[PDB]
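S.K.:
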Ligand SMILES: O=C(CO)[C@@H](O)[C@@H](O)[C@H](O)COP(=O)(O)O
Ligand SMILES: O=C(CO)[C@@H](O)[C@@H](O)[C@H](O)COP(=O)(O)O
Ligand SMILES: O=C(CO)[C@@H](O)[C@@H](O)[C@H](O)COP(=O)(O)O
Ligand SMILES: O=C(CO)[C@@H](O)[C@@H](O)[C@H](O)COP(=O)(O)O
């Protein structure tokens, strides 16, 4: 499986840690920010662009609070980004929302918890079915 | 106000940051672990001893998950330690439990969130009154 | 205390029994239907007129289902009639609604239960206070 | 379908009314109290005896409050009697409890409501299935 | 078919249960009653539901409060409405079949949910059957109240009372 | 005074409301009925409450299920018990004053909580008023069932049915 | 101040608790989210709340669903809105102070009510503190999406999907 | 497997949800915590659950209160218990795998039910894996407290405080 990742100056450290983690676990990673992005708008949009223009369906955005990356990337038509701070949303947003990416705030979530969140997200597939009506509604929006 | 702090190897880095934070905010800090403790049992017990023997009524323990420092320190008669990872418990445990210390897991809670949790804990006083029965019950236990 | 009573052909029998009951319990009763009214609209309106023009603040309407007497009398501006078939509403409608009258359906409610309902209604005074806003609103309607 | 009925002095009047009703609606009625029973213990036990010793699975007991007939008849091993005052229990007790008889209090329930209750009871069959465990438990009791 | 429903804060949970049921049954629901459980006033929602029915926005209405007396009385006090207060199936069926009642009132704190469901279902399943007898009763009922244009379709009708409430006039 | 209370899974929420009320009123409560809302069987809790009263561990008992019929009947089928199934205040007072009923049954899904509270309070406030007439009725009631030592105070009484349930014997 | 609130069926109970709190705090509330717990779709309510804020009918908005992701994302996908998905007090304050977020999203099934109350209060108490730095970030955020006149203030925007749903197009 | 569960009045509803889930999963449940929502004291139930586990009546325990701090601390203060306060899945798994925690504490008013379910499931699914490192940590923890025979298996341990409460000593 493939994973797209990116980060601004605040999330860079954790991004590097997760990158090594994912690579050591047979994951193919596409790092769109080898050097920290100017800010979370640039990093989140970079991850979004690479995702919507690739065959990967999972991505992780890193910044200080998570909120910013999701707020910005969700403005892009067709994008769905979930700020994740706990282990239930980690899988539920993938199952129900088919979240194309999750955003982790390094000033909010500790590293060990981040790894559990990430693994749950990566191990969960979109259920489709009745949930598609909601994804169709979102994609219709700006 | 006085505050007692301690940490093991995993919680040391955050402990050092918080110490700087407390000093900058006019807090008299007693650091029982200038060097990281062998493990969270040693650090949590050191904080407990210093606390139960000092005039301070606030303390912060640091380790990887928080769970351990609380599990160990709560075995001490009269001690009440709250693992805290969100902002409601941060004040409610002080108001209702008169928590003698809080335990923060560095692998669970990010720094910015830890600071808000800590400030809410330090800013809240034990309400006493009806809550005293529960504290009397806890104090009675081993 | 004063009580106004009325009934149509279906509620006449119970009305007569209650009248005897009220007299035996030192109640000054005003019977607006010595003979059964043509229908519940006539009986309920007769009770309403007598009530809104008398010093009494308690009244009981009798018919087959209760629903009709309440539906008709409530059309009168300022009137508040409660269909009652259980013992909680019997007092609550007086306490909160200051119900000017209650309506009992003889085909719905048995005599022994009707007596308990009636005594609870007569024994309860309107609480006023905050409830007055709702009564002012009702009084304002057609 | 067959129906077993009985009543004490207080429920006799309604029993006679229901008897005429049932007969006028193609129902075969077995009246075990052509003359009012001494009390509700005698009438309820008479209905129970005739029921458990017949091929009919529905019965109606009449008394002043309903409670007495059910309290007495339920003491008989294997008997299940439901006091009924409203239209939901009327059918639910048959569906779930397979109530062998319902008890109506003439001082509680008006005639028109009694007929609706009775019809719902008579028109409903025992669902069996998972509910049988509860009926097995009851039959095991004294 | 469209059903308008309303309630005060005491029975919002019961209203939700009935709303859910109505939708499962295929009815379109217009929820007017209060949406949370913050202290409010039953006449407000009774009037809202009554007008939905009277103006043709809804076919029938269902209103509930603790006992149902307050909100059903408020609903009844509107042009074109015949509100029946029914805590039992028997009178609810009578209300529809004989009085062609178009608004059903129920006491959500005195009637259990299973029975509330039965009352609602019975009321809706019932059909008005005109007869010379009930036609005359209905006509009388429809002509008791004197129409007030200032109340009809005026959502600000209770603003004066609401202001007095906000100013603490109605204290205990 | 001590009140034993029990219920099946359909009315656990109503039982909680009554338990709270009883404690606020100064009563000591022994909660036997089910504690959650997982599908279970009313006879189990009806028997537990009945025995608390019959054995002197509680002064009176209150039992509830959807309609109250099942659990009150189960309570009635025990030595020393006179269970009164009452969805109304009137018959509940009669049950206590005339039949000295020591277990009150109520349908938690058919009676609204405000009315349940009223029934309970009325039942508890009422006092048995002995007369040669009702004493004869009560004695007759107390002698209808034949005592079974295998049921009396036997906690494993329903083990047979519970096993069959765990083995899927009672499927739909 | 006016607060618009919305939700899907999974968290209607949590929405009610917050609505009650906001009113006790003196806020005027516009409840848009679903009113019962019948299965519905979060984008509907996210859009309604978003437009209330964007059009000036409400000062700020709060939206909730199971995780909050769906409804907050829907709210974010509207002109004039900056929706912040925050299951914690810390990021909610940051969202208001640095990003001047005007819509707060919370996961009502993953965050306990006491903490939800704390998040809401902290978000509302916080004030946007403009700096050349965050103004640049905000402006960039406000210019990412391309305005679509067909979505803006169009109540029939989702009619297409709703019909397909009524026609069983979205079965499992 | 047998799971003992307890709670104070603030989170009885959440306890019920977890009890239901545990039974659906095939676990046998011993409900000790409070059964209604009448104001009570968390140490009472924390101690009850702790002893069920310590005496072998239950394999593991789960305790909940508003924040979980009070009841989990009470549980921890008993011989043979290692109570872990975990409002998240990550530390709950750590608690079981590394500290062989036998009592799980959760804040029912700060954690949403869906996440509570995930924490419980993760905790139960996890397995203790002994290592020289955690074996030494566990041994230290097990030897911190000094055993008090007067507390062990004494259900009357808090009677003095309960009497003081009944006498109004603990007023606000
Ligand atoms: O039955 C009714 C009205 O018929 C009740 O719903 C109503 O009187 C409410 O109790 C009023 O609310 P509150 O002022 O908080 O007590
Ligand atoms: O009234 C009663 C019993 O008199 C009901 O409480 C009872 O029949 C329950 O409905 C049984 O539960 P379930 O098997 O999940 O349907
Ligand atoms: O978190 C969310 C959306 O972000 C949930 O609220 C949402 O996905 C609902 O679960 C959808 O409802 P249902 O179709 O009955 O499962
Ligand atoms: O989190 C906790 C304890 O850690 C709360 O459950 C507890 O403090 C209760 O609030 C006490 O109850 P009350 O006296 O009615 O406020």
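Residue numbers (PDB author numbering), protein chains in the order written: chain C, 1 to 142; chain A, 1 to 142; chain A', 1 to 142; chain C', 1 to 142; chain B, 1 to 172; chain D, 1 to 172; chain D', 1 to 172; chain B', 1 to 172. A prime marks a further copy of an entry chain.
Even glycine gets a Cβ: it sits at the ideal position worked out from N, Cα and C.
Measuring from the CB of residue 82 of chain D', is there a heavy atom of ligand 1 at a distance below 8 Å?
M.R.: No; taking the cut-off as 8 Å, the Cβ of residue 82 of chain D' has no heavy atom of ligand 1 nearer than that.
S.K.: Could you tell me the distance, in whole angstroms, from the CA atom of residue 68 of chain B' to the CA atom of residue 112 of chain D'?
M.R.: One C-alpha to the other measures close to 12 Å.
S.K.: Check distances from the C-beta atoms of the segment 94–109 of chain C' to those of chain A' and list, in chain order, the residues that come in under 8 Å.
M.R.: Cβ contacts with chain A' come from 105, 106, 107, 108 and 109.
S.K.: For residue 201 of chain B', does the count of other Cβ atoms within 10 angstroms reach 16, so buried, or fall short, so exposed?
M.R.: Look at the range of chain B' in this structure, 1 to 172, and you will see that residue 201 of chain B' is not part of it.
S.K.: If you drop the 5 nearest sequence neighbours on each side, which residues of the same chain put their C-beta closer than 7 Å to that of residue 79 of chain D?
M.R.: Excluding residues within five positions, the ones whose Cβ falls inside 7 Å are 54, 147 and 152.
S.K.: Taking the Cβ atom as the reference point for each residue, do residue 115 of chain B and residue 86 of chain C' lie within a distance shorter than 9 Å?
M.R.: Contact: yes.
S.K.: Counting only beta-carbon separations shorter than 9 Å, does residue 121 of chain A have a partner in chain C?
M.R.: Answer no: the Cβ-Cβ gap between residue 121 of chain A and chain C never drops below 9 Å.
S.K.: Whose C-alpha, out of B:18, B:7 and B:4, is nearest the C-alpha of residue 118 of chain B?
M.R.: With distances taken between Cα atoms, residue 118 of chain B lies closest to B:18.
S.K.: Note down, in chain order, every chain A residue with its Cβ under 7 Å from the Cβ of residue 111 of chain C.
M.R.: Within 7 Å Cβ-Cβ: 107.
S.K.: Note down, in chain order, each residue of its chain lying with its Cβ closer than 6 Å to the Cβ of residue 88 of chain D, except the 5 sequence neighbours on either side.
M.R.: Nothing meets the Cβ criterion.
S.K.: In angstroms, rounded to a whole number, what distance separates the CA positions of residue 172 of chain B' and residue 120 of chain C'?
M.R.: Going from the Cα of residue 172 of chain B' to the Cα of residue 120 of chain C' covers about 55 Å.
S.K.: Tell me whether the beta-carbon of residue 66 of chain D lies closer than 9 Å to the beta-carbon of residue 49 of chain D.
M.R.: In this structure, residue 49 of chain D does not lie closer than 9 Å to residue 66 of chain D by Cβ.
S.K.: Which one of D:83, D:96 and D:41 has the shortest CA to CA distance from residue 72 of chain C'?
M.R.: When each option's Cα is compared against that of residue 72 of chain C', the closest is D:83.
S.K.: Less than 8 Å between the CB of residue 34 of chain D' and some heavy atom of ligand 3, yes or no?
M.R.: Not so, every heavy atom of ligand 3 lies at least 8 Å from the Cβ.
S.K.: Name the two residues that bound the continuous alpha helix (DSSP H) containing residue 113 of chain C.
M.R.: Here the alpha helix (DSSP H) through residue 113 of chain C covers 111–122.
S.K.: For residue 68 of chain A versus residue 110 of chain C, is the C-beta spacing smaller than 9 Å?
M.R.: Their beta carbons are not under 9 Å apart, which means residue 68 of chain A does not touch residue 110 of chain C by this criterion.
S.K.: Within the chosen definition, does the segment 96–113 of chain D reach the segment 132–151 of chain D through at least 3 CB pairs nearer than 8 Å?
M.R.: Verdict: yes, contact present.
S.K.: Please report how far the alpha carbon of residue 91 of chain C lies from the alpha carbon of residue 117 of chain C, in whole angstroms.
M.R.: So the two alpha carbons sit approximately 8 Å from each other.
S.K.: When every heavy atom of ligand 4 is checked, does at least one fall within less than 8 Å of the C-beta of residue 67 of chain B'?
M.R.: Yes.
S.K.: So the beta strand (DSSP E) residue 74 of chain A belongs to, where does it begin and stop?
M.R.: Looking at the DSSP string, residue 74 of chain A is not in any beta strand (DSSP E), and its letter there is neither H nor E.
S.K.: Is there at least one Cβ from chain C' nearer than 9 Å to residue 122 of chain B's Cβ?
M.R.: Yes, its Cβ sits closer than 9 Å to a Cβ of chain C'.
S.K.: Determine, using beta carbons only, whether residue 28 of chain A comes closer than 9 Å to chain C.
M.R.: Not one chain C Cβ lies under 9 Å of residue 28 of chain A.
S.K.: When burial is assigned at 16 or more other CB atoms within 10 Å of the CB, is residue 66 of chain C' buried or exposed?
M.R.: Residue 66 of chain C' should be labelled buried.
S.K.: Beta carbon of residue 6 of chain A', beta carbon of residue 59 of chain A': below 9 Å?
M.R.: Cβ atoms of residue 6 of chain A' and residue 59 of chain A': closer than 9 Å.
S.K.: Compute the Euclidean distance between the alpha carbons of residue 131 of chain A' and residue 21 of chain D, then round it to the nearest angstrom.
M.R.: Their Cα atoms are separated by approximately 24 Å.
S.K.: Which first and last residues belong to the beta strand (DSSP E) in which residue 81 of chain A' is found?
M.R.: From DSSP, the beta strand (DSSP E) with residue 81 of chain A' extends over 81–83.
S.K.: Are residue 12 of chain D' and residue 16 of chain B close, meaning C-beta to C-beta below 9 Å?
M.R.: Yes, the Cβ-Cβ distance between residue 12 of chain D' and residue 16 of chain B is below 9 Å.
S.K.: Could you name the residues that DSSP lists as bridge partners for residue 7 of chain B'?
M.R.: Looking at the DSSP assignment, residue 7 of chain B' forms a beta bridge with B':64.
S.K.: Would you kindly work out how many angstroms separate the C-alpha atoms of residue 52 of chain C and residue 77 of chain C, rounded to a whole number?
M.R.: If you take the alpha carbons of residue 52 of chain C and residue 77 of chain C, they lie about 10 Å apart.
S.K.: Counting only runs that start and end within the segment 4–55 of chain B', where is the beta strand (DSSP E) found for 3 or more residues in a row?
M.R.: As far as the segment 4–55 of chain B' is concerned, its whole beta strand (DSSP E) runs of at least 3 residues are 28–31.
S.K.: Is the closest heavy atom of ligand 4 to the C-beta of residue 121 of chain A under 8 Å?
M.R.: False, no ligand heavy atom lies under 8 Å from that Cβ.
S.K.: Kindly list the residues whose CB is nearer than 8 Å to the CB of residue 30 of chain C', restricted to its own chain and excluding five residues on each side of it in sequence; keep chain order.
M.R.: For residue 30 of chain C', where only same-chain residues beyond five positions count, the Cβ hits under 8 Å are 2, 3, 4, 5, 50, 54 and 56.
S.K.: Does residue 159 of chain B' get closer than 9 Å to chain D when you measure Cβ to Cβ?
M.R.: It does not; no Cβ of chain D falls within 9 Å.
S.K.: Is residue 74 of chain D' closer than 9 Å to residue 45 of chain C when the C-beta atoms are compared?
M.R.: No, Cβ-Cβ distance for residue 45 of chain C and residue 74 of chain D' is not below 9 Å.
S.K.: Just to check my reading of the structure: residue 35 of chain B and residue 70 of chain B have Cβ atoms closer than 8 Å, yes? What is that Cβ distance to the nearest angstrom?
M.R.: That pair is no contact at about 18 Å.
S.K.: Is the closest heavy atom of ligand 3 to the C-beta of residue 8 of chain D' under 8 Å?
M.R.: Indeed, a heavy atom of ligand 3 lies less than 8 Å from the Cβ.
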